[PDB]
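A lone chain, given as structure tokens: the form deposited in one PDB entry.
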């Protein structure tokens, strides 16, 4: 294989004004609070200038759940809100995202379609209606040593178009494979060990660059099928840009035998400045 696969940020957050408002009616004083959140992803209608699907948060994200099909894909996360700004700032973001990634890992080895999530950390100044937030999207490579060599595949797909439709129907699934009859089915380690064709539901629109979530799914694949070296990886998008890759698991600075696999984690969203730092929104208009 020619190139070492690189990745694109998974999502771009947008916290609608209704999000901060629902927040103000679901926060307390206690030093923090964790609330579960659900966002429905629309991978069919992505703004033209976007590089990834929006993660669009609203008042409804706090609720029990209404998606309007097909391919709105529900994504679970949570918000961790701090009573005081100093604790928001003092938080170790790396150790924090690392847990979160571990949860995705544990979920993922039980069901590969569950190894992706998002977290928002925040501080709401409910007096000055200013909100500080930082979206993190746990993306992990375990072991941290694994990279992927790729070269273009002309197609040998399930045909992209059959994958597109399969994902539309199976809205809770992020992964599908081909069986021996070259039929798209749900992920099964026994089947893929033999047929070696994996399709991932991509959230990037960047040309020839898959979403960073890809690392999560590959980590699970490499755990289920430790002997897999070469396989075919289909990056499925609902637009024009699906593509296919010949993939080889490779390794950089590997770790000793029967030592326990560490895990490299990233996924904190860059702010408007393009920097790794929180975002701030001031809603003074929640008085006048």
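Numbering follows the first chain given and starts at 1. Here the rigid core means the biggest group of C-alpha atoms that line up within 1.5 Å when the two forms are laid on top of each other.
What comes next is about the form deposited with a partner chain bound, which does not appear here.
Checklist entry - Does the partner chain get within 4.5 angstroms of any non-hydrogen atom of residue 167 in the entry with it bound? => result Looking in the entry with it bound, residue contacts with the partner chain do not include residue 167, since no heavy atom lies within 4.5 Å.
Checklist entry - Do residue 278 and the partner chain come within 4.5 Å of each other in the entry with it bound, heavy atoms counted? => result Contact check for residue 278: yes, within 4.5 Å of the partner chain in the entry with it bound.
Checklist entry - Are any of the heavy atoms in residue 84 no more than 4.5 Å from a heavy atom of the partner chain in the entry with it bound? => result Because no heavy atom of residue 84 falls inside 4.5 Å of the partner chain in the entry with it bound, the answer is no.
Checklist entry - Is residue 20 one of the residues lying within 4.5 Å of the partner chain in the entry with it bound, judged by heavy atom distances? => result It does not: once the partner chain is placed as it appears in the entry with it bound, residue 20 has no heavy atom within 4.5 Å of it.
Next on the checklist: Check for me whether the partner chain, as it appears in the entry with it bound, comes within 4.5 angstroms of all of 89, 132 and 268 - heavy atoms only.
Outcome noted: Contact check passed for all of 89, 132 and 268.
Checklist entry - If you check 93, 189, 110, 151 against the partner chain in the entry with it bound, which one has a heavy atom within 4.5 Å? => result Comparing distances to the partner chain in the entry with it bound, the residue within 4.5 Å is 93.
Checklist entry - For the chain seen here without its partner, which of 151-159, 99-107, 208-216, 132-140 has a heavy atom within 4.5 Å of the partner chain in the entry with it bound? => result Within 4.5 Å of the partner lies stretch 132-140.
Checklist entry - Can you tell which of 83, 155, 208, 99 moves its Cα by 2 Å or more between the shown form and the other one, with the two forms laid on the rigid core? => result So the only displaced C-alpha belongs to 155.
Checklist entry - With both forms fit on the core, has residue 248 moved 2 Å or more by CA between the shown form and the other one? => result The answer is no; the displacement is under 2 Å.
Item to check | Post core alignment: residue 66 C-alpha displaced by 2 Å or more between the shown form and the other one | outcome: Shift at residue 66: 2 Å or more after core fit.
Item to check | Sense of CA distance change between residue 76 and residue 68 in the entry with it bound, threshold 3 Å | outcome: Compared with the form shown here, the C-alpha atoms of residue 76 and residue 68 sit closer together in the entry with it bound, by 3 Å or more.
Item to check | Cα separation of residue 187 and residue 158 in the entry with it bound versus here, shift of 3 Å or more | outcome: Relative to the displayed form, residue 187 and residue 158 move farther apart in the entry with it bound - a change of at least 3 Å between their C-alphas.
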